[PDB]
Each structure stands twice: as structure tokens, then as C-alpha cells.
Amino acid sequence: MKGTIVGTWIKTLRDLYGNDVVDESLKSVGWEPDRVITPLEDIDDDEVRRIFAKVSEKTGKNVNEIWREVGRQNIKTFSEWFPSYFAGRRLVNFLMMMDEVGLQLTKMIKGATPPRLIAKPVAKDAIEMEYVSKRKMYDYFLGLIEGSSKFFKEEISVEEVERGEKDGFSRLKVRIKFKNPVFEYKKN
């Protein structure tokens, strides 16, 4: 992972489980607890895995459970560090623009690999969004969706439709229903 995202994870882990659980976790992987991560730096995904695994051991929660909680809370963290992606927007627009944001990011940041989040309208009040990655972070993805709903204070229901791996790609498709109509039919 690029250092920007990893940095938000550390902060979010602290906010959720406290400095002690986090200090010992970073130490367990030979990191300095107060490590400063630079935005463009690359962090070994395996070291992250080991950190979250230690968090799991210390807190008693399973790793999946932790990733779901981090997903929910990290939206707040990210919104603090990068408000321009949230400013003046509403949930539906935020969710539908995110795939392009990732593709743009990939081009502007060497080595960055944000997952695909292709979204499409399926009803006047609903979209489908498919997470496609090399990384299988299913619970984090689901958590981020829930976190977005809280941040924007717009209630939604999320229904998982597909999950599975193929050709080394993890895929997870959800149907997200909004309270009010967000789409209308227009001539093509």
C-alpha cells in the first residue's frame, strides 16, 4: 500500500483500540511505534497483514471484524485528511464518481493500485457497485460503504449479491438502495 492510506489506518486503529494495542502491534513487525509514513512511500502489504493480525490477537476480535470496523471509522479519518473529496457532495454522487477517482489516482501516483469500484443505476433508487481487486479486502470495502453513509448522513440499505475470486481477482458486488429516488429515466 501507498503510505497515505496506511497512515490513515494507523490513526484509525488508535482511535478504535488505543495507543497500547497499536504500539505493540507496530513493534511486533519491527516498526517504530511513532513511525512517520510519507504519502508517496510504499508499505509492504504483508507487514500490514501482520499488524492487523496482532491487533486481532490483542483485542480478541477476528481480522474480518477488525477490517469492517476500520472501514467504518476510516471514512472519518480520510475525510479529515482529504476533505476535498467530500466537500459539498452527496452520497450518490460520491459513490458513483469513486471508480474514476481511482483510475485518475493510478495515473497520477506511481505504484498506486486502488480497486475498481464500477457502479451503475439499477433502479430509480438503487445502484450496483462491484469491488474488483488483487487484494481481497471484502470487509474493509463493506465498512467504507457504511462509513460513507454515516459521514453523509444519508441512510441506505446494502445487499451483497456476489462474492468470489477468479483469475486472481477478488470480486464483491453489492446492491445499494437509497431512501429517495436519485435517478430518472432519460432518452438515450
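In case it trips you up, residue 1 is the first one in the sequence shown, and so on.
Averaged over their C-alpha atoms, the temperature factors of 149-157 and 31-39 are higher for 31-39. Mean CA B-factor, 159-167 versus 136-144: the higher value falls on 159-167. The maximum CA B-factor among the listed residues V101, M96, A87, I75, taken from the PDB record, is found at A87.
Highest C-alpha temperature factor among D125, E69, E47, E130, as the PDB entry reports it: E47.
Per the PDB record, residue ranking by Cα B-factor puts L117 in the lowest third of the chain.
In the PDB entry, a CA B factor belonging to the highest third of its chain's modelled residues is recorded for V21. Among the modelled residues of the chain, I109 sits in the highest third by CA temperature factor in this PDB entry. Remark: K11 belongs to the middle third of its chain, ranked by C-alpha B-factor as recorded.
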